[PDB]
Amino acid sequence: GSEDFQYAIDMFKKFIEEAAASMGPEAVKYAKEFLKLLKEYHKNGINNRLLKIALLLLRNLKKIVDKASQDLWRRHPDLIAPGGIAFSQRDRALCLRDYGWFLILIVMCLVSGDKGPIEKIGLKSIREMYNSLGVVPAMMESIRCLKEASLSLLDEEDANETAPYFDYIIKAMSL
């Protein structure tokens, strides 16, 4: 149980260290602030049922990003054709990396289970990281692909439990 939460924490801390340079100092600030809240929620038994889903998603991060990007590239093959923004090795690697980072941040939102801190803290981290990254090809479409890839690994009730978290970030980022 508590090592399941520590595995979540270890995933989020590894991401923050790895992305610190590329994401905002403000983005790091809000991500660390979110992480502190997740620990407080855990210590007080708050919204505990979301962790089991998040753990499945965290254990399958690369599978999800690969599935979501192959989906993305079949829907928009121009992205990887010659002349495409994701045709080059450097930029395609940057796309897959950035998509994985947005997925990790979305999974942090899921662990909180709470639309308050998601808007006040989680979404600020996502927005600051997007600002620091700059051009992220097919940003909005990639998030819908990450959602459908993530839900494809879930049973029925977990899927309908999880979809509204992807849905809130999708609409919030659409502005």
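Residues numbered from 1 in each chain as written, not as in the entry; some residues may be left out. Heavy atoms only, no water.

By the method listed in its record, X-ray crystallography, this PDB entry was determined to a resolution of 1.95 Å.

By the naming in the PDB entry, the protein chain goes by near-infrared fluorescent protein and is assigned to synthetic construct.

As a rule of thumb, nonpolar side chains are buried together in soluble globular proteins. Counting 68 residues, the largest nonpolar core has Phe12, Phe15 and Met129 as its most contacted members. Elements represented by at least two residues in this core include exactly α1 (2–19), α2 (25–43), α3 (50–59), α4 (61–75), α5 (89–112), α6 (115–133), α7 (139–151) and α8 (156–173). When residues in this core are grouped by element, the largest group, 13 residues, is from α5. If we skip the residues at most four places from it in the chain, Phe15 touches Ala20, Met23, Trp101, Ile104, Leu105 and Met129. (Core = buried A, V, L, I, M, F, W, Y, C linked by side-chain atoms within 4.5 Å. Buried < 20%, exposed > 50% of the residue type's maximum accessible area, 1.4 Å probe, protein only. Helix = DSSP H or I, 4+ residues; strand = E, 2+ residues; numbered from the N terminus. Contact = heavy atoms within 4.5 Å.)

This part takes up the layout of surface pockets. In this model, the largest pocket occupies a volume close to 290 Å³. Around the largest pocket sit 14 residues that line it, and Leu61, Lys62, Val65, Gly100 and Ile104 are the ones nearest its centre. Take the lining of the largest pocket: its biggest share by element is 6 residues, from α5. Per-class residue counts for the lining of the largest pocket are 8 nonpolar, 1 polar and 5 charged. (1 Å grid on protein atoms, 1.4 Å probe; cavity = no way out; pocket = protein on both sides within 12 Å on 5 of 7 lines; lining within 4 Å. Points joined across faces, edges and corners; volume = space filled by probe spheres on them. Nonpolar A, V, L, I, M, F, W, Y, C, P; charged D, E, K, R; others polar.)

We now examine the environment of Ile169. On the secondary structure map, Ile169 appears in helix α8. C-alpha of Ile169 to C-alpha of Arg127: the two residues are 42 residues apart in sequence and 10 Å apart in space. Here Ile169 is in contact with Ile106, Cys109 and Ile126, once residues within four sequence places are set aside.

We now examine the packing of aromatic side chains. Summed over the entire model, instances satisfying the criterion amount to 2 aromatic pairs. Pairing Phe102 with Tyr130 gives two aromatic rings, centres 6.2 Å apart and planes at 70°, and the pair type is edge-to-face. Here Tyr130 lies in helix α6 and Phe102 lies in helix α5, a separation of 28 residues in the sequence. In this structure, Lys29 packs its charged tip against the face of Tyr30, placed 3.1 Å from the ring centre. Geometry around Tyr7 places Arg59 over its ring, the cationic atom sitting 4.7 Å from the centre. (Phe/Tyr/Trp six-rings, centres within 6.5 Å; stacked < 30°, edge-to-face > 60°. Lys NZ or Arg CZ within 6 Å of the ring centre and 35° of its normal.)

This part is about a negative patch on the surface. Together, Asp155, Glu156, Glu157 and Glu161 make up a region of like negative charge exposed at the surface. Structurally, the position occupied by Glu161 is in helix α8. When its relative accessible area of 33% is taken as the criterion, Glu161 is described as partly exposed. (Patch = residues over 30% accessible without salt bridge, like charges linked within 9 Å, V, L, I, M, F, W, Y side chains within 5 Å. Areas by Shrake-Rupley, 256 points an atom, 1.4 Å probe, with all protein chains shown as cover. Salt bridge = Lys/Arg side-chain N within 4 Å of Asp/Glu carboxyl O. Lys, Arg positive; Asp, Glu negative; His and termini not counted. Charge placed at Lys NZ, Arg CZ, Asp CG, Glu CD.)

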